[PDB]
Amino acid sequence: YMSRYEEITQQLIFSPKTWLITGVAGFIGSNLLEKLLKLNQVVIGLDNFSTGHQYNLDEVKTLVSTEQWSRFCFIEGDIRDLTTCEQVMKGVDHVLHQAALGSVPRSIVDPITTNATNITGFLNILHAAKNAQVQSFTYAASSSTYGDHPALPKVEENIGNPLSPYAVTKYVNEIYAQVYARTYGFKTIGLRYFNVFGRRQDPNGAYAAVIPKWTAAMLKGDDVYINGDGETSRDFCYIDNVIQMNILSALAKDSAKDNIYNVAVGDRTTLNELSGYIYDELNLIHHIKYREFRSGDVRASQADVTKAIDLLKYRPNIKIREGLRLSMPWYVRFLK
């Protein structure tokens, strides 16, 4: 069990608060929405359906009662517009800021669009929240922020030079957050996600992350490409661990705020092994090419999550094999 997490969720049910989820129509945002409505929370969602999907909201609506669903207010809109951000902040207690453009390659082909959404939009949401004086502000940061820094495992204090325009944006979020605390006293929590996966992670289009991409390729019978030697490694973190950290963060005591936390499992998996993992799990459910390293790619990534453990009482409970067993049926269904 996850017990400070199980305490808090109980508390939420007994006295529901008002949550803003930006990027509510995406992977992590729709999983947050699914958990929060199942706890009877009031939830304001904001999304421009850029990379998200109206069908992600349709699926969540099939997972909760009509009464629970009636507590969700959705605004179609864009974090780049400050007014929009001020409007959705009205009466919000806790901010979970997930809206961003992901993908390192997307950011290399088009750094401008990546900047607008991840810096302008990020600062817009942050400033509006500062001004509405919400109770908490938790935002999606990134393991890419570790950069060319070689030390292993990854510890919050120790970062490198960013390796791509995407990594620049997610780092700038931490800097803006820390200057906002210093200048205004508005104390936030940044969450350095490491390679999140699970249900509703988009398998389509050029920018799919490796798990839904390879899972889909193997189901279709498409080539599976490993960019590089395949010893590149990641801390693959199943969605429920991320859902836990967001909620622990929103209800954190003040002293644990103005802090950055690695969100992961402490494990290390190469693309070669992963490929074995995806194939094996899929196969119990029933039904490869090497090429160049990808540009601006981080080489080795393994979180040290002692800090989240000690300070937020995080329990990292689902590891990659189990996470994948939980994920694959959603994929098989979704794709056929």
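Numbering starts at 1 and runs along the sequence shown.
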query: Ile288 preceded by how many uncoordinated deposited residues after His287; finding: 4 to 9
query: Selected stretch [higher average CA B-factor]: 315-323 or 13-21; finding: 315-323
query: Segment of higher mean CA temperature factor, 95-103 or 213-221; finding: 213-221
query: Third assignment of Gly52 from its chain's C-alpha B-factors; finding: middle
query: Assigned third (lowest, middle, highest) for the C-alpha B factor of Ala128; finding: lowest
query: CA B-factor placement of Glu231, once the chain's modelled residues are sorted into thirds; finding: highest
query: Third of chain Cα B-factors occupied by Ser144; finding: lowest
query: Chain-relative CA temperature factor third for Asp254; finding: middle
